[PDB]
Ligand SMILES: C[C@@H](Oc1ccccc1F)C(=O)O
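What follows is a single chain, given as structure tokens, in the form deposited without the ligand.
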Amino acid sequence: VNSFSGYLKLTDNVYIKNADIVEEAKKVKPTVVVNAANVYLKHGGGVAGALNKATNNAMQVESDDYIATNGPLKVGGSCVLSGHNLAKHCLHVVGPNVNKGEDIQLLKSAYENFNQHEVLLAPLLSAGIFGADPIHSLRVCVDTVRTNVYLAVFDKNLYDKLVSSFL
């Protein structure tokens, strides 16, 4: 049993809810929240900007030190950093950004990072301002992630379309 509430079960391991991932993280304090990161960990907008704002910019300060030491992530890659006030850990995962021309095949590689964690609160990778089709992102998630993933979908309209089109 875990603390996640109000989710719709899609598969053995994947759950979905219409929720603000920031508000959900603040309520649950999950072991792992996933950030929709870029390779520079520049948390300007979308999920990343909202998560970082909720940490009062402490996520960005920590991320800048990580990049100064390690250099940029790979598209499809990840790193584990603090979850600050939102979670124990934040798994920063880089899905391909269609609005930068990145290979959508890298979305599966991005979701493979989730398998290193038994339970996660996450957004749909490469959705929103990353430009991918969220229906596709949900299909890749279900077909790639084997650990237990609780997906928070920001738009109510999109949530209802993801559920009503799910195979």
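The first residue of the shown sequence is 1; numbering continues from there.
- Between 38 to 46 and 103 to 111, it is 103 to 111 that carries the larger average Cα temperature factor according to the deposited entry.
- Taking the PDB entry as given, 94 to 102 carries the higher mean Cα B factor of the two stretches 119 to 127 and 94 to 102.
- In this PDB entry, residue 70 carries a Cα temperature factor that places it within the middle third of its chain's modelled residues.
- Among all modelled residues in its chain, residue 28 ranks in the highest third by Cα B-factor.
- Residue 82 sits in the middle third of its chain by CA B factor, as recorded in the PDB entry.
Quick note: we don't show the form deposited with the ligand bound, though the next part is all about it.
- Taking the partner from the other structure, the ligand in the bound PDB entry has a heavy atom within 4.5 Å of a heavy atom of residue 153.
- Using a 4.5 Å cutoff between non-hydrogen atoms, residue 158 counts as a contact of the ligand in the bound PDB entry.
- For the chain shown alone, residue 59 is not a contact residue for the ligand in the bound PDB entry, no non-hydrogen atom being within 4.5 angstroms.
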